[PDB]
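Residue numbers (the entry's author numbering), protein chains in the order written: chain L, 300 to 342, 352 to 398; chain O, 11 to 30, 35 to 342, 352 to 619, 636 to 696; chain D, 11 to 30, 35 to 301, 331 to 336, 359 to 606, 636 to 696.
Every residue, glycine too, gets a C-beta built ideally from N, C-alpha and C.
Right, one structure below, let's go through it.
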Amino acid sequence: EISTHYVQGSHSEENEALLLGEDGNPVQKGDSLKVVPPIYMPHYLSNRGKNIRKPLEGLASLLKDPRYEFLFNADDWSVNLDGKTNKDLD
Amino acid sequence: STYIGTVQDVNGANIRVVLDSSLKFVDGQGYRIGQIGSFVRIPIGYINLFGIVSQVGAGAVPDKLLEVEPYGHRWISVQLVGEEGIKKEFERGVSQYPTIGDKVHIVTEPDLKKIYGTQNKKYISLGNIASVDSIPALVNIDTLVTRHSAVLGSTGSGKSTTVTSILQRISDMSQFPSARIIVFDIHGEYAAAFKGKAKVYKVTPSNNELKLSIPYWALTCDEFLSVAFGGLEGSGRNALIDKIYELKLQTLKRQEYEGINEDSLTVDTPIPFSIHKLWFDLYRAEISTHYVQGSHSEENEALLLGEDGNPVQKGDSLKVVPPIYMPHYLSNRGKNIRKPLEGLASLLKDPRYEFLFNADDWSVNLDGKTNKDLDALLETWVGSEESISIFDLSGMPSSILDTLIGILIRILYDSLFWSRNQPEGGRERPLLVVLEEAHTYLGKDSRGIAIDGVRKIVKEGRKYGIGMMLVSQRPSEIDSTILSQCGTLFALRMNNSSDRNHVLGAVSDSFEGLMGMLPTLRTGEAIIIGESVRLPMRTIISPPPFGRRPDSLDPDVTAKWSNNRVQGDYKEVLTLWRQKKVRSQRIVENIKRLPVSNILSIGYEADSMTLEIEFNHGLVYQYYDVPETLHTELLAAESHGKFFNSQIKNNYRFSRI
Amino acid sequence: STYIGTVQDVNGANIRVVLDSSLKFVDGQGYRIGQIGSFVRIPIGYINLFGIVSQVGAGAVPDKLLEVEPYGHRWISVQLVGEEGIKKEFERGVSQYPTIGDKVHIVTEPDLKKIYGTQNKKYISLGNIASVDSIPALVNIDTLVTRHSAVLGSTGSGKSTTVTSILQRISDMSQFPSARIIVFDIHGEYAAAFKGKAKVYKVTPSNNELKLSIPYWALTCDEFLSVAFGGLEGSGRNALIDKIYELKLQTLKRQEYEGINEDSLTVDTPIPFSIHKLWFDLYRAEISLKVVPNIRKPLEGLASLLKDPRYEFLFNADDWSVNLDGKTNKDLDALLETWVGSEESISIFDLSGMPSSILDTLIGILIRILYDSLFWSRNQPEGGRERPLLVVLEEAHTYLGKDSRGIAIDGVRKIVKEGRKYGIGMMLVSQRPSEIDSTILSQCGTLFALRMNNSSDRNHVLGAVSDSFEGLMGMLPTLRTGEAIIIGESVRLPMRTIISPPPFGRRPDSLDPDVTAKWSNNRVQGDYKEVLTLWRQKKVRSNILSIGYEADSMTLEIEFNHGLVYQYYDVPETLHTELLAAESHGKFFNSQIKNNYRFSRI
Ligand SMILES: Nc1ncnc2c1ncn2[C@@H]1O[C@H](COP(=O)(O)OP(=O)(O)OP(O)(O)=S)[C@@H](O)[C@H]1O
Ligand SMILES: Nc1ncnc2c1ncn2[C@@H]1O[C@H](COP(=O)(O)OP(=O)(O)OP(O)(O)=S)[C@@H](O)[C@H]1O
Ligand SMILES: [Mg+2]
Ligand SMILES: [Mg+2]
């Protein structure tokens, strides 16, 4: 929903022209587990985003708030990136 | 004697009684036979069952006997309230009901004292009872603070004086040396009651009264949008949010904050950032012009060079004068938010919004460095030396009052939530909040932000020790769900037929004896109903001493329209209006003021030919073109309110400070 | 015969009584022993418990007794209202309620004085009380002004005369030599009430009357665009704003103003700038005194406005007309001084001769000029803190609609919400209360209820009154003409007064053309060519107290009441001297002179 397509008319992730630090590594790689959203260098704008900017901002806020640790980061049922859980509902 | 008769009926939890002979008066004071509110006694074996009257006359006769005789208007109806154990205490709930023919005796002073008195240490007197002289009304502070209350009544019943009495009682340094209170004034009528035992914050400061400051960078992004741009929705909102975020990152870059990093920085976090820089850099896009077509770089600014080649209008960011570029390629980089940015510029101009965008010490320079942090702000608001902190919201613009209430409540609640384990939280030094005129912000379908915060406090405030005290003269307008969650009520005089019913519709202990006398309680009376008291009372709140009363310094037209007209020059009014400032240009820098309506100090000056005088309530006037010979004559005459009131009162052009 | 009966029921706030005997219509004046709203009193021991008659008849008997006595009704219901002190004062609320079998008396003249009279200096007289003799209705003045007012009723109720009475009694030079009041007269009738005691501003002034001029540069950007163009929203708006800014900066460079420089200059700033140059410069790019030469249509619209006698109070102000060089004879100082600083207290901006389309946006503007001017000088001796102001608004239900999207609603709401601090009042004369926004009518302090026929508006009034007392509000649709029920916090208790009508000859009357008079008189042939020669160029050019004299133009001149000037043409001067010597005014002129010769009013 917030991406930069380097090639006009293309929206594939290969066209991800995010701004990268002059050191060589990306300035903001970002991580899935953390709620840090990657930044991208100014531009085209990916065409596969819907109008759910604000709802996803709200969900990010909820995920970053410790008061919901009981729901989104369950102690032993926390789900990894690959869909795994130490203990089932059993 | 006290034996008034015997009960001639019973229906389980209700009974009736007959008269005593004509009226009988006992002890000679001013009182009467058992009235509507009065209590009675019923001895049984070893214990006593206490009752309360319901109504006197044809409203209590048994149906069929009245059918037999129509003139038999000789009965009253009394309802059982409780019992006294075996010399243990008054424990509500009767263990053994009465029967026909048994005795019934009037209630004397010692028995009433036993009913109302109490051995627990957590009670305190917040008024006095009306039926008998000198009986404290033992209200429970614990419950009153941890379960919320609400003061109601018509305009003249005296809500402000009641709240003043309660707050003075709670914050006595002899009993509670570590209280903590906050007040919201919509007319600023408490800053006079607490003369020297509180802090007062105002939009327009005074000689010894602090200035209210709410730095814009303490707000959330959403509330900032609400109060600055009037709630943007389009992509302008996204552009604005990204700008705020980037500026906050820039601030954090050059300043070190503990445990906050680019991996944990969110928009709503309270970190300083520049607003003047925000407006300048956003607007510059909307009117940027590049010296070369097809370019959008700042170095291409097509500025109209002057005689020396330097641009005539360089502009400036700290002040809000934007520059002018050459006519027109205009850069197509900015969004379509020109109108919101013009509105923001206008807001920055106004001296009415200084408390947001130009806080006295929390104002931020261009690179973000702030002279003081928020810890001092919180320390002043709630950790000060004196307990009660008073906010004067009279001077705020009327269109952002609701949002301000919401912002302040949110800040207080969040600050006291996250530090609930330290000795500075809400569970170690509990807090109370007072809201003045709560019917205009808690409406049934109010769309504002205040109702959200008030609901959150009413609903979660029991765990983190945050109370609430609602003041309102129109209970029918307060949201019913909120009004039902207030533990205690102080029902004062209530006039119209709608609010009376709406109050009865949310009172747990609807009590027939006392709720029927609602519309004629005197100025000061207050029927306190709820869990904070064992049994409902009817207490006359003890008035605060004179001088310590709430008052608002509004003009009195009859005393002002009467003064003989003095020729006025309207060049001054137009000058003030155009300049956008309330201070004239002919005031002296200062004058030494020596001690003696009344006059408490008179100054003087020879060079400027000016006189300065002070009155009660910190009213300072400066009169002009008054020879100091008149000064010495005034001093000598020992008039102090007559020579001034008769000689120079209406003969010289003057000005308040 | 100070006696009625014995209270038989006591509900704490609703006692009942059993009348004992015969009702006599006391002659001379007509006051009966007991009415529906008549007060009652009950001596208890040493103090007095006063009440009001709530219901009379079968509606007051205790309920179940109806079963006992189906057709026996002699009971009354009295709601006890307040109490008297121990020779101290009357205060509301009751120290101790009555019991059964007490005594119930009737209110006597000393009690009339105790309840109704008072000693505070604020209170004044606004008409005596009804149903009793010689008791002035005392209305607190401070509270009435600073806590806002309102008038409601039916079309023929007579609210204009009540407002005239209040204004007359609130500005007399005897006690209030420095009063100040403003009236937004619309229909244009008050101007006849205050002949030589108030300032009146019209659009077509007479020989001894002023001209209302509102300079077009005293407006903000939004207001000016709204009035002129209707509120453009495209790039044309940006172009016009920039042009206004450029003109103002230019004039400031031309002429100096106290403490204003390029650094503190805005569009909102009230400084002169020439409209004609703006129009001419913005039109040249798409192709002065005379208007001969993608915002084209806007510029034809404004061009049409320039040469239109209807808009002569904006663009061709009498002396606020601005030269090409932004130069004016007078600044806003004179305007403010005339509007609010004149030697006469009350001023009337009768807006009858206004294009109704803009009327709303006109009202707001004035309310914004005054407040904004009395706010930034609240410490000087010319602000609202030192000589407060009262604003009147006639026919408020059209502009303060619940859903109206005009600008007047904003200004009135702001005065109601924020006028307490700076001493600004408000007086809403209305005719259909249910129309007015319920959020604003609930902030008005005092209410002068009058006759109300609609049942759909009485309910609104009853539901939006601070002290919904029923003894005085069950009689709304039967009050007399001028009988007013005063309820609010500006009075100690509800009042039911009659307003002392203003003396004859001092009353409001919009000079409508009486069809009977203009259709009874005999037909006289018309000179329609005069009508055309007068329309092409778009221009207008009983008792007798004087007669003009001239024997050279063959003309006669007469003056009637109300300052009506009539010129009769083609009148031989022999008949002129005949009439002058006849000493027959109202009869000879009636005889053969009303409808014989041509005449054109001037
Ligand atoms: N114990 C009291 N005894 C007698 N009069 C009181 C008492 N307390 C307050 N008042 C009266 O009320 C005046 C002060 O204004 P209050 O009526 O107390 O405030 P309030 O009107 O109840 O609150 P608002 O204005 O509706 S927010 C005082 O000057 C008294 O006339
Ligand atoms: N107190 C009064 N007593 C007797 N007649 C009155 C009184 N007040 C007004 N009138 C007369 O009743 C008629 C109408 O009253 P007005 O107040 O002049 O008009 P109005 O209809 O009330 O004003 P509008 O059209 O509703 S804004 C007139 O003949 C008045 O002279
Ligand atoms: Mg108050
Ligand atoms: Mg009228």
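Exposed unless 16 or more other CB atoms sit within 10 angstroms - verdict on residue i
i: O:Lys262; result: buried
i: O:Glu554; result: exposed
i: O:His462; result: buried
i: O:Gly273; result: exposed
i: D:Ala645; result: exposed
i: D:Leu63; result: buried
i: D:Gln43; result: exposed
i: D:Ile413; result: buried
i: D:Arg450; result: buried
Span of the beta strand (DSSP E) around residue i
i: D:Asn142; result: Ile138 to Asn142
i: D:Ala164; result: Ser163 to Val165
i: D:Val28; result: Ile25 to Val28
i: O:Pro150; result: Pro150 to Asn154
i: O:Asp415; result: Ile411 to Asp415
Cutoff 8 Å; reference residue i; Cβ partners in own chain excluding five residues on either side
i: residue 712 of chain D; result: Chain D is shown from 11 up to 696; residue 712 of chain D falls before or after that span and cannot be answered.
i: O:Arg194; result: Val405, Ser410, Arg452, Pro453, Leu454 and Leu455
i: D:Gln49; result: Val67 and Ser145
Residue interval of the alpha helix (DSSP H) (run including residue i)
i: D:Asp437; result: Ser421 to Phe440
i: O:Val197; result: Counting along the chain, O:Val197 falls outside any alpha helix (DSSP H), though it belongs to the beta strand (DSSP E) covering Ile195 to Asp199.
i: D:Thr668; result: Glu667 to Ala676
i: D:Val82; result: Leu79 to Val82
i: D:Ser174; result: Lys173 to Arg183
i: O:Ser369; result: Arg361 to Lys372
i: O:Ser521; result: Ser520 to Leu527
i: O:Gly65; result: First-last for O:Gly65: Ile61 to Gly71, but that is the beta strand (DSSP E), not the alpha helix (DSSP H).
i: O:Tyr297; result: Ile289 to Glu300
i: D:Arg268; result: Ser249 to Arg268
i: D:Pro542; result: From DSSP, D:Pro542 is part of no alpha helix (DSSP H); its letter is neither H nor E.
Residue i versus the options, residue with shortest Cα-Cα distance
i: D:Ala473; options: D:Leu424, D:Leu669 and D:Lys333; result: D:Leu424
i: O:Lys136; options: O:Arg557, O:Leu650, O:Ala382 and O:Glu409; result: O:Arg557
i: D:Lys127; options: D:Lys117, D:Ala151 and D:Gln110; result: D:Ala151
i: D:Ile563; options: D:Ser148, D:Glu402, D:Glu260 and D:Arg470; result: D:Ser148
i: D:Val92; options: D:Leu158, D:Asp77, D:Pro76 and D:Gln69; result: D:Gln69
i: D:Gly107; options: O:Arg545, O:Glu651 and O:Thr598; result: O:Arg545
i: O:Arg268; options: O:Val326, O:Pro191, O:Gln133 and O:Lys392; result: O:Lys392
i: D:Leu332; options: D:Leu364, D:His290, D:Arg361 and D:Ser249; result: D:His290
i: D:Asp199; options: D:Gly466, D:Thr178 and D:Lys486; result: D:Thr178
i: L:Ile301; options: L:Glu321, L:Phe380 and L:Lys358; result: L:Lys358
Same chain only: Cβ atoms within 7 Å of residue i, ignoring 5 sequence neighbours per side
i: O:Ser521; result: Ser499
i: D:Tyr376; result: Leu370
Heavy atom of ligand 6 within 8 Å of residue i beta-carbon
i: D:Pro573; result: Looking for ligand 6 in the displayed structure turns up nothing; the ligands present are ligand 1, ligand 2, ligand 3 and ligand 4.
Cut-off 6 Å between Cβ atoms - residues of its own chain near residue i, not counting five sequence neighbours on either side
i: O:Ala316; result: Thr303, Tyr305, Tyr339 and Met340
Checklist entry - If you pair each beta-carbon of the segment 305 to 325 of chain O with each one of the segment 367 to 384 of chain O, do three or more pairs fall below 8 Å? => result no
Next on the checklist: Does the segment 446 to 464 of chain O come into contact with the segment 486 to 502 of chain O, if we say contact requires no fewer than three beta-carbon pairs (one atom in each stretch) closer than 8 Å?
Outcome noted: yes
Item to check | Validate contact between the segment 208 to 215 of chain D and the segment 427 to 442 of chain D using beta carbons, cut 8 Å, 3 pairs | outcome: no
Checklist entry - Do three or more CB pairs link the segment 112 to 129 of chain D to the segment 508 to 527 of chain D at distances below 8 Å? => result no
Next on the checklist: Does the structure place the segment 50 to 61 of chain O close enough to the segment 380 to 392 of chain L that three or more beta carbon pairs sit under 8 Å?
Outcome noted: The answer is no - the segment 50 to 61 of chain O does not touch the segment 380 to 392 of chain L, with fewer than three Cβ pairs under 8 Å.
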